[PDB]
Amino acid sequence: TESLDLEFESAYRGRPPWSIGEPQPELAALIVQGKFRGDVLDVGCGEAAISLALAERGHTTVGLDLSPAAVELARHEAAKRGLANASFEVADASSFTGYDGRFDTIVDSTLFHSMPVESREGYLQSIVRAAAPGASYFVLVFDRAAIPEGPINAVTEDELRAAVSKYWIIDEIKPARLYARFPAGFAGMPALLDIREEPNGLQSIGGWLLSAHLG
C-alpha cells in the first residue's frame, strides 16, 4: 500500500513548488486554442489556478481534491477574485459520484501520478461517469524517464496510452514540461533529478501532455 494524503495536506498547510500561481503553461496553451468547453472539472485541483482562470473566462468550474487544506486555499483565492462560478469540494478522484454526465471538459493537472497505480481504473471510471457526451480530457503528468519508481507514479508514453485508451479516445500524447518553483538545492548538490531552469525564476521537469475525448 502507499498513501500521500498526509504529505499533501502538510504541504498545503505550509508554498508547494507546484502551486505556481497560474495554470500550468502547457495547459494554458490548450485553453487559448479554445479546447476547454462548457462546465469544467479540475480533478486533484490543489490551489486550482486553472479552475480560477477558466471561471474568469465564463466557465462554471468544479475542483475536487482529497486535501481539505487545498480546498480551503482554492476557495480563499476564489473569494479574493469574487468568483461565484468556481466551486470546490473535498473528494477522492478515484471514487467520487454526484456529477453524472456533467462536464464537457475534465482536466488533470499533475493529479495522474499523485495516486497509486491501482487507483487509476477507479479514477478513470469516475471521471467518465462525470463526463457529458463528447467531453474532452487533458492530462499533464510526469514522465517515468524523469521521475523514478517511488512515492510518485510517473508514466511512460505507452503506459499512459494503455491506461487512458481503455476509457477515452486519445487524440494526442506529446512530451511536455511540468513547471514548479523549487527551493535552492532541491534534490541535492549535485542534483539527483534533471531540473531545468526556466525564465522568470521557474523550473521544469519532463512530462507528457495527453489530449483525449469521450467516444
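Start at 1 and count along the sequence shown; that's the residue number.
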* Counting only residues from the deposited sequence, how many are left out of the model between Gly14 and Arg15 (none, 1 to 3, 4 to 9, 10 or more)? -> 4 to 9
* Structure fact -> Taking the deposited Cα B-factors and averaging over 77-85 and over 138-146, the higher mean is found in 77-85
* Mean temperature factor over C-alpha atoms, higher-scoring stretch between 15-23 and 203-211 -> 15-23
* Could you tell me which one of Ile50, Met189, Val62, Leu30 shows the highest CA temperature factor in the PDB record? => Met189
* To do: Give the position of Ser95 by CA B-factor within its chain, expressed as the lowest, middle or highest third.
  => highest
* Third of chain Cα B-factors occupied by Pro183 -> highest
* Please place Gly44 in the lowest, middle or highest third of its chain by C-alpha B factor as given in the entry. => lowest
* To do: Going by the recorded CA B-factors, say which third of the chain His113 sits in, lowest, middle or highest.
  => lowest
* Asked: Based on the entry's values, in what third of the chain does the Cα temperature factor of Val155 lie: lowest, middle or highest?
  -> lowest
